[PDB]
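A.B. asks: Provided herewith: structure_3.cif, mmCIF, C-alpha atoms.
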data_coords
loop_
_atom_site.label_atom_id
_atom_site.label_comp_id
_atom_site.auth_asym_id
_atom_site.auth_seq_id
_atom_site.Cartn_x
_atom_site.Cartn_y
_atom_site.Cartn_z
CA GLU E 1088 92.50 102.11 83.06
CA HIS E 1089 95.83 100.65 84.16
CA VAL E 1090 97.77 97.81 82.53
CA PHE E 1091 100.56 95.89 84.29
CA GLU E 1092 102.70 93.89 81.86
CA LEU E 1093 104.31 90.99 83.70
CA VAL E 1094 107.15 88.98 82.15
CA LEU E 1095 108.01 85.77 83.98
CA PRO E 1096 111.61 84.54 84.31
CA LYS E 1097 110.72 81.34 82.44
CA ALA E 1098 107.83 79.41 80.95
CA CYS E 1099 105.96 77.52 83.66
CA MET E 1100 102.64 75.91 84.56
CA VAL E 1101 101.14 79.03 86.13
CA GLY E 1102 98.61 78.12 88.80
CA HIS E 1103 97.29 81.60 89.55
CA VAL E 1104 98.20 85.24 90.09
CA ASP E 1105 97.56 86.78 93.50
CA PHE E 1106 96.71 90.46 92.95
CA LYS E 1107 96.80 92.04 96.40
CA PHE E 1108 95.43 95.53 96.92
CA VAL E 1109 95.21 98.14 99.67
CA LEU E 1110 92.65 100.93 99.29
CA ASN E 1111 92.79 104.38 100.85
CA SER E 1112 91.65 104.26 104.47
CA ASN E 1113 89.38 107.27 103.91
CA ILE E 1114 87.34 105.31 101.35
CA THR E 1115 83.62 106.08 101.63
CA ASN E 1116 82.46 103.34 99.24
CA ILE E 1117 84.02 100.22 97.75
CA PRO E 1118 84.94 101.12 94.15
CA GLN E 1119 83.64 99.47 90.98
CA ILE E 1120 86.91 98.28 89.43
CA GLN E 1121 87.20 95.20 87.21
CA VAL E 1122 90.47 93.24 87.16
CA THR E 1123 91.19 90.75 84.38
CA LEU E 1124 94.14 88.65 83.22
CA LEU E 1125 95.27 88.38 79.60
CA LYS E 1126 98.23 87.06 77.61
CA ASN E 1127 100.62 89.24 75.64
CA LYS E 1128 100.93 89.15 71.85
#
Write the structure described by the file as structure tokens, please.
C.D. replies:
Amino acid sequence: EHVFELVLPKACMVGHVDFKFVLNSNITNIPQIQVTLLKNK
């Protein structure tokens, strides 16, 4: 597991979050990783 905590400069009407990723070139199979978005306490 990895958790990225992301504080925005200001409150805003967030439309979406683009999570871009680059996998290792020597990747035999596409991994089974789930990515989800939550709000902080």
A.B. asks: Name the residues captured by the PyMOL selection byres ((chain E and resi 1120) around 12) when it is applied to the shown file; answer as number ranges by chain.
C.D. replies: E: 1088-1089, 1108, 1110, 1116-1119, 1121-1123
A.B. asks: Which distance in Å separates CA of residue 1114 (chain E) and CA of residue 1092 (chain E), to one decimal?
C.D. replies: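 Going from CA of residue 1114 (chain E) over to CA of residue 1092 (chain E) covers 27.3 Å.
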A.B. asks: Please indicate the distance in Å from CA of residue 1126 (chain E) to CA of residue 1095 (chain E), rounded to one decimal place.
C.D. replies: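 It comes out at 11.7 Å.
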A.B. asks: Please check which residues have atoms at most 9 Å from (96.3, 85.1, 86.1) in the file's coordinates, counting only C-alpha atoms, and write them as a PyMOL selection string.
C.D. replies: chain E and resi 1101-1106+1123-1126
